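> enclosed are the sequence and the experimentally obtained structure.
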Number of protein chains: 2
Amino acid sequence: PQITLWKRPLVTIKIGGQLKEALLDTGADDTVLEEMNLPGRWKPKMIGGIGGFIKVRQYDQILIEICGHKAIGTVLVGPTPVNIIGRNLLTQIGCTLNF
Amino acid sequence: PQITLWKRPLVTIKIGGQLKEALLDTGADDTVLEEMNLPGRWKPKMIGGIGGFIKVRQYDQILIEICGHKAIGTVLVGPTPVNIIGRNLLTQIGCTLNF
Ligand SMILES: CC(C)CN(C[C@@H](O)[C@H](Cc1ccccc1)NC(=O)O[C@H]1CO[C@H]2OCC[C@H]21)S(=O)(=O)c1ccc2c(c1)CC[C@@H]2O
């Protein structure tokens, strides 16, 4: 599809057997998801943006489906106000910017 | 152009007569630039990001050229970690997400 940017580019994703709404975010290197109790091992991490840093849990090789497009990669879980799909997964679904 | 996301979507912008590097950021509602001198009036504003809220100077109806495309709109200036081009200006240059 083609997504215009009049509104936030929110799409449904599927992760850990759950459906969620997430931002397609070209400004995020990595994917950051709202607090959820994923299984498996993880590593602590700190990520910074506007306002400072938040503490997140880094999970590797997590399967995510974005608009029926499957992807697998790193997912950061922490107290983010929004689910953020970053470039590490956007590349995998063939997402580009166009103007 | 068509911009892939294996790298950060950085582009050159012109604002206030000065060239700068900025990030095309579909996850940003607004355009937030690092501290700089801009001519004209401004008003204090607050914006929130992943780590909390910061105080910014809001400049309205500012000319800004992005990768050769002209836009005129709101620019927020403050202690952002990165110059970001948000949806308010991405729409003006005809930017969409495609996959
Ligand atoms: C600032 C960018 C360079 C990096 N961010 C990505 C931006 O797209 C954020 C996304 C967002 C949206 C809504 C709420 C919170 C965040 N938008 C943002 O702040 O927008 C401002 C201006 O407009 C307003 O509308 C939205 C909020 C205000 S991030 O979220 O800080 C981030 C993500 C991953 C990762 C990092 C950092 C570091 C490591 C990891 O890869």
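Done, it's in. Numbers count the residues shown, from 1 in each chain, chains lettered A, B, ... in the order given.
> okay, residue A:73 and residue A:83: tell me how far apart.
Distance, residue A:73 to residue A:83, using CB to CB, to the nearest Å: 15 Å. (Each C-beta comes from the backbone N, C-alpha and C, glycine too.)
> what sits against the closest residue in space to residue A:8 that isn't next to it in sequence?
Excluding its sequence neighbours, the residue lying closest to residue A:8 (CB to CB, 6 or more residues apart in numbering or on different chains) is residue A:23, at 6.2 Å. Contacts for residue A:23 (CB atoms under 8 Å, 6 or more residues apart in numbering or on different chains) come out as A:8, A:9, A:10, A:82, A:83, A:84, A:85, B:26, B:27.
> again, but for residue A:75
A:15, A:31, A:32, A:33, A:38, A:58, A:59, A:62, A:64.
> for it, give its distance to chain B.
15 Å (CB to the nearest CB, to the nearest Å).
> surely residue A:24 touches residue A:95?
Yes. In this structure, residue A:24 is within contact of residue A:95 by CB atoms under 8 Å, at 6.6 Å.
> ok, whichever residue of chain A sits closest to chain B - contacts?
Closest to chain B within chain A is residue A:50: 2.5 Å, counting by CB to the nearest CB. Neighbour list for residue A:50: B:32, B:47, B:48, B:49, B:50, B:51, B:52, B:54, B:80, B:81 [criterion: CB under 8 Å, 6+ apart].
> and the residue nearest to it when sequence neighbours are not counted, how many neighbours does it have?
Leaving aside its sequence neighbours, residue A:50 sits nearest to residue B:49 (CB to CB, 6+ apart; 2.5 Å). Neighbourhood size, residue B:49 [other CB atoms under 10 Å in any protein chain shown]: 20.
> isn't residue B:49 right up against residue A:54?
No. With contacts defined as CB under 8 Å, residue B:49 does not count as touching residue A:54, sitting 10.0 Å away.
> looks to me like residue A:76 is in a strand.
Yes. Checked against DSSP: H, G, I helix; E, B strand; the rest coil, residue A:76 lies within a strand.
> so which bits of chain A are right by the ligand?
Neighbours of the ligand within chain A, by CB under 6 Å from any ligand atom: A:25, A:27-30, A:32, A:47-50, A:81-82, A:84, A:86.
> what sits against residue A:55?
Neighbouring residues of residue A:55 by CB under 8 Å, 6+ apart: A:44, A:45, A:46, A:78, A:79.
> could you give the number of residues near the third one?
Neighbouring residues of residue A:46 were enumerated by other CB under 10 Å; the total is 11.
> quick check, residue A:88 in a strand?
No. The assignment for residue A:88, made by three-state DSSP, is helix rather than a strand.
> may I have the beta-bridge partners of the nearest residue to it once chain neighbours are set aside?
What sits nearest to residue A:88 in space, not counting adjacent residues and going by CB to CB, 6+ apart, is residue A:73, at 4.8 Å. Beta-bridge partners recorded for residue A:73 (DSSP bridges): residue A:62.
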